[PDB]
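In the form deposited in one PDB entry, a lone chain appears below as structure tokens.
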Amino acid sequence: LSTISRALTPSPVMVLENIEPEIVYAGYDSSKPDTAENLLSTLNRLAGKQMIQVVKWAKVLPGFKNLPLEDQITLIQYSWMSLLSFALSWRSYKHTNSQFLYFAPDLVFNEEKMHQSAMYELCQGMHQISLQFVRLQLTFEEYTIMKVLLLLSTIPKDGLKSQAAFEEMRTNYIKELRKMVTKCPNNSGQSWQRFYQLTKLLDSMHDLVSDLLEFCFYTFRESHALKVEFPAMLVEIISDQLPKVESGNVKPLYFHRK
């Protein structure tokens, strides 16, 4: 809080990079075949543990604490699949140059796994998002800021408890992205073009993530019949999220209008 301390303290993007979650293992069971039942159960277990890290992350995310508890909860529950998908795309980009879907070091999907998981087309759509990371040569700086924008990209139909505090936080992070692209237009030429590409990429997540969620809601509802395991963390999120999304109580915020 000191004057000197404030002027010198790591910038907001440096803070985001510092609080980026550690590596999470899926705990892949080599004794089980790669069937939908086992792959999806493994993805769900993995995602539960990643979501625990996401909550820890959100806890020290600057600005997030300034929202009401219920809005914080609401935002994590609405954006969870966007956050996991984006982080997946990043890992896939960094570890495999977006050739494969790197869910964890012990769970990397090639095309065969994509089929086996019963979400071939969804995995291919995500892989295609990851290919954009290669085209753009997305940077760690862009990634971290964009991930925050994803946390802040889906809200209830009639908005949040503290809509103004949310909008302030969202604007603040959009501004960080603006600053970043002004400094570093990277391979898009002009800073405005960089911002356009990055925000279009974010908008392009919505339909894929919505499709991912529909499958997740289906397997959740039919969990016992399908033998698809969900951990408590996902049970909690999906039990709250599913009726809201399915009843239209959901509003995606697009950077660019349809």
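All residue numbers are counted from 1 along the displayed sequence.
Mean C-alpha B-factor higher for 100-108, or for 161-169?
Per the PDB entry, the higher value belongs to 161-169.
Which wins on mean Cα temperature factor, 182-190 or 126-134?
The deposited B-factors put 182-190 ahead on the C-alpha mean.
If I read the C-alpha B-factors straight from the PDB entry, which of 139, 82, 117, 72 is highest?
Highest CA B-factor of the listed options: 72.
Per the coordinate record, which of the options 64, 230, 196, 217 holds the highest CA temperature factor?
That would be 64, according to the entry.
In terms of the chain's CA B-factor thirds, is residue 54 lowest, middle or highest?
It falls in the middle third of the chain.
One more form of this protein exists, namely the form solved in complex with a partner chain; it is left out here, but the text below deals with it.
Taking the partner chain as it sits in the deposited complex, is residue 13 near enough to touch it, meaning that at least one heavy atom pair lies within 4.5 angstroms?
No, residue 13 is distant from the partner.
Would you check, heavy atoms only and a 4.5 Å threshold, whether residue 32 touches the partner chain in the deposited complex?
No, no contact at 4.5 Å.
Should residue 72 be counted as a contact of the partner chain in the deposited complex, where contact means heavy atoms within 4.5 Å?
Yes, residue 72 is a contact residue.
Is residue 226 a contact residue for the partner chain in the deposited complex, using a 4.5 Å heavy atom cut-off?
Answer no; every heavy atom of residue 226 is more than 4.5 Å from the partner chain in the deposited complex.
Is it the case that 36, 95 and 107 all touch the partner chain in the deposited complex, with a non-hydrogen atom of each within 4.5 angstroms?
Result no, not one residue of the spot touches the partner chain.
Just one of 122, 76, 129, 181 has a heavy atom within 4.5 angstroms of the partner chain in the deposited complex, so which one?
If I apply the 4.5 Å criterion carefully, the residue I get is 76.
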